[PDB]
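Coordinates as given in query.cif (mmCIF, C-alpha atoms):
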```
data_final
#
loop_
_atom_site.label_atom_id
_atom_site.label_comp_id
_atom_site.auth_asym_id
_atom_site.auth_seq_id
_atom_site.Cartn_x
_atom_site.Cartn_y
_atom_site.Cartn_z
CA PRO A 6 9.80 -1.57 3.98
CA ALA A 7 7.47 -0.67 1.12
CA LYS A 8 8.79 -3.62 -0.91
CA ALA A 9 7.92 -6.20 1.74
CA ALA A 10 4.64 -4.51 2.69
CA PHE A 11 3.32 -4.38 -0.88
CA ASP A 12 4.55 -7.90 -1.69
CA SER A 13 2.87 -9.38 1.39
CA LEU A 14 -0.32 -7.44 0.66
CA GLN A 15 -0.40 -8.72 -2.93
CA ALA A 16 0.22 -12.30 -1.78
CA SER A 17 -2.58 -12.10 0.79
CA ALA A 18 -4.89 -10.63 -1.85
CA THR A 19 -4.04 -13.50 -4.22
CA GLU A 20 -4.80 -16.12 -1.56
CA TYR A 21 -8.11 -14.42 -0.74
CA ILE A 22 -8.94 -14.44 -4.46
CA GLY A 23 -8.25 -18.17 -4.45
CA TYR A 24 -10.57 -18.96 -1.55
CA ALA A 25 -13.28 -16.69 -2.95
CA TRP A 26 -13.03 -18.40 -6.35
CA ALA A 27 -13.36 -21.85 -4.78
CA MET A 28 -16.43 -20.82 -2.79
CA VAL A 29 -18.19 -19.11 -5.71
CA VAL A 30 -17.45 -22.12 -7.92
CA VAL A 31 -19.17 -24.37 -5.38
CA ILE A 32 -22.14 -22.02 -4.95
CA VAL A 33 -22.65 -21.43 -8.68
CA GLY A 34 -22.36 -25.13 -9.45
CA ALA A 35 -25.03 -25.90 -6.86
CA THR A 36 -27.46 -23.22 -8.03
CA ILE A 37 -27.09 -24.05 -11.73
CA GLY A 38 -27.49 -27.73 -10.91
CA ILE A 39 -30.75 -27.20 -9.04
CA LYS A 40 -32.10 -24.91 -11.77
CA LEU A 41 -31.18 -27.36 -14.53
CA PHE A 42 -32.69 -30.27 -12.59
CA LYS A 43 -35.95 -28.35 -12.16
CA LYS A 44 -36.10 -27.31 -15.81
CA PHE A 45 -35.27 -30.70 -17.32
CA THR A 46 -37.49 -32.69 -14.95
CA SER A 47 -40.43 -30.33 -15.50
CA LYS A 48 -40.23 -30.13 -19.29
CA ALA A 49 -39.23 -33.72 -20.09
CA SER A 50 -42.15 -35.17 -18.12
CA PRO B 6 39.93 40.40 15.70
CA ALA B 7 36.43 41.21 14.46
CA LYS B 8 37.33 39.87 11.01
CA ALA B 9 38.34 36.43 12.28
CA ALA B 10 35.54 36.29 14.86
CA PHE B 11 32.78 37.06 12.37
CA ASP B 12 34.26 34.79 9.69
CA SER B 13 34.52 31.84 12.09
CA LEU B 14 30.99 32.50 13.36
CA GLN B 15 29.61 32.55 9.81
CA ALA B 16 31.47 29.34 8.92
CA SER B 17 30.13 27.57 12.01
CA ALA B 18 26.63 28.79 11.21
CA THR B 19 26.95 27.45 7.66
CA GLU B 20 28.06 24.03 8.89
CA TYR B 21 25.18 23.92 11.38
CA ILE B 22 22.81 24.80 8.53
CA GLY B 23 24.25 21.87 6.60
CA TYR B 24 23.71 19.32 9.37
CA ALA B 25 20.23 20.67 10.09
CA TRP B 26 19.30 20.42 6.40
CA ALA B 27 20.50 16.82 6.21
CA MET B 28 18.49 15.84 9.29
CA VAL B 29 15.28 17.58 8.20
CA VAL B 30 15.61 16.02 4.74
CA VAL B 31 15.76 12.57 6.35
CA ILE B 32 12.85 13.28 8.71
CA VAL B 33 10.61 14.82 6.03
CA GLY B 34 11.35 12.01 3.60
CA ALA B 35 10.37 9.45 6.22
CA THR B 36 7.13 11.18 7.23
CA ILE B 37 5.99 11.84 3.67
CA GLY B 38 6.84 8.25 2.77
CA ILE B 39 4.72 6.81 5.58
CA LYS B 40 1.83 9.15 4.79
CA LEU B 41 1.94 8.32 1.06
CA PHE B 42 2.14 4.59 1.80
CA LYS B 43 -0.91 4.81 4.06
CA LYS B 44 -2.91 6.86 1.55
CA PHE B 45 -2.10 4.77 -1.53
CA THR B 46 -2.52 1.41 0.21
CA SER B 47 -5.84 2.46 1.75
CA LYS B 48 -7.40 3.96 -1.37
CA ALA B 49 -6.09 1.54 -4.00
CA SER B 50 -7.42 -1.50 -2.13
#
```
Rewrite the coordinates I just gave you, this time as structure tokens.
Amino acid sequence: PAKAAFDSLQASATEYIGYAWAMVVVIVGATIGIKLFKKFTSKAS
Amino acid sequence: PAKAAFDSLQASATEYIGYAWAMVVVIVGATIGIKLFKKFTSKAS
């Protein structure tokens, strides 16, 4: 029982890591994009 | 008669001790296993 329990728990943890990574990638890309747009547009002009 | 009676009684008691020990070993192993699984899985996560 411990075998299956721990294996399923690890698999679920890995999937959750995957979804979390996708979401943080999206969020971080958006925030760095807005910051870079602000900085470049402000300084270059 | 007392010789045989007491010897048979002691032998039967010893066998009963054996079966009882086997059963308690199984039960205690199971309960400690479930408790340890709960504790480790809860804390480690």
- Message: If the PyMOL selection byres ((chain A) within 10 of (chain B)) were run on this exact file, what residues would it hold? Put them as a list in words.
- Response: residues 6, 7, 10, 11, 14 and 18 of chain A
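Going from CA of residue 22 (chain A) over to CA of residue 49 (chain B), you cover 16.2 Å.
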- One decimal, Å: what's the distance from CA of residue 13 (chain A) over to CA of residue 40 (chain B), could you say?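 Rounded to one decimal, the two atoms are 18.9 Å apart.
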- Message: Just the number, please: distance in Å from CA of residue 36 (chain B) to CA of residue 8 (chain A), one decimal.
- Response: 17.0 Å
